[PDB]
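Residue numbers (the deposited numbering), protein chains in the order written: chain C, 25 to 66, 81 to 140, 164 to 172, 187 to 211, 215 to 242, 263 to 302; chain A, 303 to 601.
C-beta atoms are modelled at their ideal positions from N, C-alpha and C, and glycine is treated no differently.
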Amino acid sequence: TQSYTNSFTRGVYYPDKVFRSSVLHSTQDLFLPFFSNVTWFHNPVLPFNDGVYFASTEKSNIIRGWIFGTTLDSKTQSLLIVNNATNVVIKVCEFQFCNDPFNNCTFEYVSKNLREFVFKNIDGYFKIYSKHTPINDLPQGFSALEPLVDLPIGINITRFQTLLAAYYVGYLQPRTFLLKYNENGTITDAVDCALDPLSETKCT
Amino acid sequence: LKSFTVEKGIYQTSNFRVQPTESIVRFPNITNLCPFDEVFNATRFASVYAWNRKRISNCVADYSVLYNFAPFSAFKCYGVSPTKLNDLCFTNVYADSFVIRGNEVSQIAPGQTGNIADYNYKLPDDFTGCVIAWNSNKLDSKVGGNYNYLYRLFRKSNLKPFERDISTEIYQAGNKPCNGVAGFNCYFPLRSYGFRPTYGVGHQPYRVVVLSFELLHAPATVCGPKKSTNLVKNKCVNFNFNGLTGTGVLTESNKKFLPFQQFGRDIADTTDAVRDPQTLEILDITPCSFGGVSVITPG
Ligand SMILES: *[C@@H]1O[C@H](CO)[C@@H](O)[C@H](O)[C@H]1NC(C)=O
Ligand SMILES: *[C@@H]1O[C@H](CO)[C@@H](O)[C@H](O)[C@H]1NC(C)=O
Ligand SMILES: *[C@@H]1O[C@H](CO)[C@@H](O)[C@H](O)[C@H]1NC(C)=O
Ligand SMILES: *[C@@H]1O[C@H](CO)[C@@H](O)[C@H](O)[C@H]1NC(C)=O
Ligand SMILES: *[C@@H]1O[C@H](CO)[C@@H](O)[C@H](O)[C@H]1NC(C)=O
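In structure tokens:
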């Protein structure tokens, strides 16, 4: 299935590590546009462009990990995030596994509910932001995505696939947002400066 | 006023400025030291032809570990001076460890050929890294000979740098097909470095580990220690909190940084607070006091 669903106001991460309290900050970055449309796949591979907004709801741990990098095997290296429910191992040493998963090894980093993830590559860093939310579906509301990791792997990534539901996918775009930091650095609200003219006025 | 007679009044003369006293440097706890005891302290040094790459990227390059055996006879640098190399950013470190013999170590150098630098190994004349000398032939040599130093003796041409040649192809140096058997000019391309603890300065065993550095377009992950200083507060200092040098006064703060947040800012984007790397604390930053100096004077 390849249905499409409204993205609502979801997929806002902390742009950087700077703390800010009770302030409205205007930042230009790869954000998921508000009220956009997102695939609801349950397709061999989806592309990457300049970042994605993987999200999921199935708690059965069936959406285990992901695969990144150009092509899939035997060239240009491929990221192999795979979870283990005790270890959260990330491998940049490709498994050379089949096209429907269930070499020069160089990186082996180790570390009811809605899971939101953002992956991006800017210049030699694979940044993963993530967030969990006890949803009472992509509910309307707001929840900022606190960063998790900033891997320094210098891969070039153009496509991606997923290990093996709730295979939500959205695509980041270069947008200007106006974020609100309430009193403790938590992004409680955001305004998309290109959605509607009212938001343009708010950002101005 | 550019005048000798000052009329009664108040005049702005100078700009008083509190000046910093110390230069604070703060960096996180020095952990994940790069693996070198496994390559520097090991009796299983690889063969000269059968050398092995060493993967050293995700750690802090304790480059000063060379002083663990300061009796090093030579520490000849070839990529950069050590003083600069205590803190340099590289994308990967490749080390190989072997023992050849005696005074043949000069063949492990830029612009050198012959035997070790001919078919067993070689390095380009623009090599980056250092070559070390801590010959420990006391155990490397035995009265039995230790002919088990498997080293290639024959090869069609010069060996390319950074390539492994475990090939066992007979050196057919005669004008007759060899077929792999030992006839005339048909000898197995490998020989013995059998050394007893009585050989000469050019024939006794040795102790070799040479490591090179590289920096491609991938971001660098090899760095040296940062050497953070102490932390002092309540006085104008020159701090450097892992990415930002600034002059100011550090004080205890009641701010509630989220666990992932390092910096701290306010309107106009000026650093107002900083999270301390070593101990997890929030320090408010206040600019060092300053202001105009007026002179209240009668005429
Ligand atoms: C965007 O998603 C909506 C959701 O129903 C869908 O109707 C629409 O066709 C999608 N747009 C494109 C260009 O596919
Ligand atoms: C998951 O993989 C890591 C990688 O070594 C391993 O250490 C861990 O034990 C694995 N988890 C389980 C439950 O086997
Ligand atoms: C990655 O490889 C080269 C080196 O960065 C780059 O020019 C190329 O465009 C990239 N390939 C991709 C993104 O598929
Ligand atoms: C921010 O901090 C306050 C404590 O001052 C606490 O109630 C809570 O963590 C946050 N409150 C709001 C309204 O964001
Ligand atoms: C750094 O080391 C000190 C020394 O014991 C310790 O008290 C502190 O908790 C450590 N901090 C981190 C972030 O490891």
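Practice prompt. Give the residues of chain C in contact with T523 (chain A), contact being defined as C-beta atoms less than 8 Å apart.
Written response: Here residue 523 (chain A) corresponds to residue number 221 of the second sequence, with the count starting at 1. Within chain C, the residues near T523 (chain A) are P230.
Discussion item. Within the continuous beta strand (DSSP E) that includes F318 (chain A), where are the two ends?
Written reply: Position 16 of the second sequence, counting from 1, holds the residue named residue 318 (chain A). From DSSP, the beta strand (DSSP E) with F318 (chain A) extends over 311–319.
Fill in: Beta-carbon separation (whole angstroms), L293 (chain C) vs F55 (chain C), contact threshold 8 Å
Numbered from its first residue, the first sequence carries residue 293 (chain C) at position 195. Numbered from its first residue, the first sequence carries residue 55 (chain C) at position 31. Not really, about 11 Å apart at Cβ, beyond 8 Å.
Practice prompt. With a cut-off of 5 Å, give the chain-ordered residues whose Cβ is closer than this to any heavy atom of ligand 1.
Written response: C:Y28, C:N61
Worksheet entry | chain A within 8 Å of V42 (chain C), Cβ atoms only | Stepping through the first sequence from its first residue, residue 42 (chain C) is reached at position 18. Output row for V42 (chain C): interface = yes.
Worksheet entry | Nearest residue (CA-CA) to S443 (chain A), options A:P491, A:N417, A:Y501, A:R454 | Here residue 443 (chain A) is taken as the residue at index 141 of the second sequence, counted from 1. Of the listed residues, the one whose Cα sits closest to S443 (chain A) is A:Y501.
Worksheet item: Is the number of C-beta pairs between the stretch 37–55 of chain C and the stretch 272–288 of chain C that are closer than 8 Å three or more?
Response: yes
Worksheet entry | C-alpha distance - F168 (chain C) paired with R493 (chain A), whole-angstrom precision | Taking the first sequence and counting its residues from 1, the one referred to as residue 168 (chain C) is at position 107. Taking the second sequence and counting its residues from 1, the one referred to as residue 493 (chain A) is at position 191. Going by the C-alpha atoms only, they are around 38 Å apart.
Discussion item. Whole angstroms are fine: how far does the CA of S94 (chain C) sit from the CA of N542 (chain A)?
Written reply: Position 240 of the second sequence holds residue 542 (chain A). Position 56 of the first sequence holds residue 94 (chain C). Approximately 41 Å between the Cα atoms of the pair.
Worksheet item: With a CB to CB cut of under 6 Å and the five nearest residues on each side skipped, what residues in its chain are close to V595 (chain A)?
Response: Within the second sequence, numbered from 1, the residue matching residue 595 (chain A) stands at position 293. Taking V595 (chain A) as the centre and dropping the five residues before and after it, the same chain places the C-beta of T315, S316, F318 closer than 6 Å to its C-beta, in chain order.
Worksheet item: What residues from chain A crowd round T284 (chain C), counting only those whose CB sits closer than 9 Å?
Response: Against the first sequence, residue 284 (chain C) aligns to sequence position 186. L560, listed in chain order.
Worksheet item: So, does the CB of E224 (chain C) fall closer than 8 Å to a CB anywhere in chain A?
Response: Taking the first residue of the first sequence as 1, we reach residue 224 (chain C) at position 146. So yes, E224 (chain C) belongs to the interface.
Item to complete: Decide yes or no for the touch test of the stretch 531–551 of chain A against the stretch 496–515 of chain A: beta carbon pairs closer than 8 Å, at least 3 of them.
Response: no
Item to complete: Could you tell me the boundaries of the beta strand (DSSP E) in which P272 (chain C) lies?
Response: Reading the first sequence from its first residue, position 174 is the one you call residue 272 (chain C). Element bounds for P272 (chain C): 271–279.
Worksheet item: Would the stretch 102–117 of chain C and the stretch 229–236 of chain C be scored as touching if the rule is three or more Cβ pairs under 8 Å?
Response: Touching, yes.
Worksheet item: Closest Cβ-Cβ distance between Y265 (chain C) and chain A: below 8 Å?
Response: What you label residue 265 (chain C) is simply residue 167 of the first sequence in a count that begins at 1. Chain A, which has no Cβ nearer than 8 Å to the Cβ of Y265 (chain C), makes this no.
Practice prompt. With a cut-off of 8 Å on the beta carbons, I'd call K557 (chain A) and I584 (chain A) a contact; round off their distance for me.
Written response: Position 255 of the second sequence holds residue 557 (chain A). Position 282 of the second sequence holds residue 584 (chain A). Right, the Cβ-Cβ distance comes to about 5 Å (below 8 Å), so this counts as a contact.
Fill in: Best match in A:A522, A:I312, A:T307, A:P322 for proximity to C590 (chain A) [C-alpha to C-alpha]
Locating residue 590 (chain A) in the second sequence gives position 288, counting from the first residue. With distances taken between Cα atoms, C590 (chain A) lies closest to A:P322.
Item to complete: Tell me the start and end of each unbroken beta strand (DSSP E) in the stretch 357–400 of chain A that is at least 3 residues and wholly inside, in chain order.
Response: 377–379, 394–400
Item to complete: Please report the residue range of the beta strand (DSSP E) in which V503 (chain A) lies.
Response: Start at 1 with the first residue of the second sequence, and residue 503 (chain A) comes out as number 201. Element bounds for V503 (chain A): n/a, residue is neither H nor E.
Worksheet item: Using the beta-carbon count (16 or more within 10 Å), is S459 (chain A) buried or exposed?
Response: Counting from one through the second sequence, the residue named residue 459 (chain A) turns up at place 157. So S459 (chain A) ends up on the exposed side.
Worksheet item: DSSP on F543 (chain A), reduced to helix/strand/coil?
Response: Along the second sequence, one-based indexing puts residue 543 (chain A) at 241. In this structure, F543 (chain A) counts as strand in the three-state DSSP scheme.
Worksheet item: Is the stretch 409–424 of chain A touching the stretch 522–530 of chain A in the sense that three or more CB pairs, one from each, lie closer than 8 Å?
Response: no
Worksheet item: Taking all protein chains shown into account, do 16 or more other C-beta atoms lie within 10 angstroms of the C-beta of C291 (chain C), making it buried, or fewer, making it exposed?
Response: Start at 1 with the first residue of the first sequence, and residue 291 (chain C) comes out as number 193. Buried, by the Cβ-count rule.
Worksheet item: Of all the options A:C488, A:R466, A:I468, A:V483, which has the alpha carbon lying nearest to the alpha carbon of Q474 (chain A)?
Response: Translated into positions along the second sequence, residue 474 (chain A) becomes position 172. The shortest C-alpha separation from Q474 (chain A) is found at A:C488.
Worksheet item: Is any beta-carbon of chain A found at less than 8 Å from that of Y269 (chain C)?
Response: Counting from one through the first sequence, the residue named residue 269 (chain C) turns up at place 171. Chain A, which has no Cβ nearer than 8 Å to the Cβ of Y269 (chain C), makes this no.
Worksheet item: Using the C-alpha atoms, what's the distance from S555 (chain A) back to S205 (chain C)?
Response: To locate residue 205 (chain C), count along the first sequence from 1; it is residue 130. To locate residue 555 (chain A), count along the second sequence from 1; it is residue 253. Using only the alpha carbons, I get a separation of about 29 Å.
Discussion item. Would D578 (chain A) and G566 (chain A) qualify as a contact pair, given that the criterion is a beta-carbon distance under 8 Å?
Written reply: The residue labelled residue 578 (chain A) in the question sits at position 276 within the second sequence. The residue labelled residue 566 (chain A) in the question sits at position 264 within the second sequence. Not a contact, by the Cβ cut-off of 8 Å.
Worksheet item: Nearest CA to the CA of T470 (chain A): which residue from A:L455, A:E324, A:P412?
Response: Reading the second sequence from its first residue, position 168 is the one you call residue 470 (chain A). Measuring from the Cα of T470 (chain A), the nearest candidate turns out to be A:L455.
Worksheet item: Does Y200 (chain C) have its Cβ less than 8 Å from a Cβ in chain A?
Response: As a first step, residue 200 (chain C) is located in the first sequence; it is residue number 125 there, counting from the start. Closer than 8 Å to some Cβ of chain A, the Cβ of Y200 (chain C) qualifies, so yes.
Worksheet item: Skipping 5 residues on each side, what residues in its chain have a beta carbon closer than 7 Å to that of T286 (chain C)?
Response: Against the first sequence, residue 286 (chain C) aligns to sequence position 188. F220, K278, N280, listed in sequence order.
Discussion item. Less than 8 Å between CB atoms is the rule here; does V127 (chain C) satisfy it with respect to chain A?
Written reply: As a first step, residue 127 (chain C) is located in the first sequence; it is residue number 89 there, counting from the start. No, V127 (chain C) lies away from the interface with chain A (no Cβ there is under 8 Å from its Cβ).
Discussion item. Contact defined as beta carbons within less than 8 Å: I believe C336 (chain A) pairs with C361 (chain A). What is the distance between those atoms, to the nearest angstrom?
Written reply: To locate residue 336 (chain A), count along the second sequence from 1; it is residue 34. To locate residue 361 (chain A), count along the second sequence from 1; it is residue 59. Indeed, because the Cβ distance is near 4 Å, the residues count as touching under 8 Å.
Practice prompt. Please list, following the chain, all residues that have a C-beta closer than 5 Å to any non-hydrogen atom of ligand 3.
Written response: Result (chain order): C:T108, C:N234, C:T236.
Worksheet item: Roughly how many angstroms lie between the CA atoms of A411 (chain A) and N99 (chain C), to the nearest whole one?
Response: Sequence index remark: in the second sequence, residue 411 (chain A) carries index 109 (1-based). Sequence index remark: in the first sequence, residue 99 (chain C) carries index 61 (1-based). Between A411 (chain A) and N99 (chain C), the C-alpha separation is close to 55 Å.
Discussion item. Restricting to runs no shorter than 3 residues, where is the beta strand (DSSP E) found entirely within the stretch 534–596 of chain A?
Written reply: 539–542, 547–554, 575–577, 584–588
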